[PDB]
């Protein structure tokens, strides 16, 4: 979730340009962002973001069942740019934005906005109302070309803040050997227990939560780290970058 980034990373963008969501949302799926090529000072403009995905394909939910995907994003604007206050957003634009609550990455970073989780079936396309700064009022800003960075995600992550895998990723064999047993991890709650007999004779048990499907069978020999399941992840994270020129009024 965006909050996972907010709580563990002061800067959502790394030196090489990678956005932190990518540290847990391991699959890449393209996104798009569009803004006017230029904007006048103290003016409200729109950033249109696209987080496309196949709305017919379901994901594994935290409860182990299948369900719809949700989306979220982080938008890094130049210092001086901020979410446009409601009083400055035209009714026509509020209509396009919809029932969304854009929040600052932190109270001290009003130029970085996040949103989500929100339903992907409704928000695979989102509109963000932005208020441009004013050089004649702000010294830290000039009339030049500024970059805008965007990270958009759809679907649950593969790893949690504590480093533990979610039920929405691939599970692998902890050791090499022959699968001597595969049984339910519980009397309905999904999941499996895969017993692997090592060469020395020791039998290790790999626990797999409900969600992923097995691609192995009893009697089958497996090697260390070999996938025991499919990759249930049908979502993905993507990044895009654009630019906008703060235009001088000039007259």
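Residue numbers count along the first chain shown, from 1.
As the entry records it, the average C-alpha temperature factor is higher for 135-143, out of 162-170 and 135-143.
Of the two segments examined, 89-97 and 70-78, it is 89-97 that shows the higher average Cα temperature factor in the deposited entry. Between the residues 210, 184, 48, 27, the entry's highest C-alpha temperature factor is the one at 184. When the Cα B-factors of 214, 203, 31, 44 are read from the PDB record, 203 comes out highest. In the PDB entry, residue 250 places in the highest third of its chain by CA B-factor. For residue 154, the recorded CA B-factor ranks within the lowest third of the chain. Only modelled residues enter the ranking.
Annotation for residue 40: CA B-factor lies in the middle third of the chain's modelled residues.
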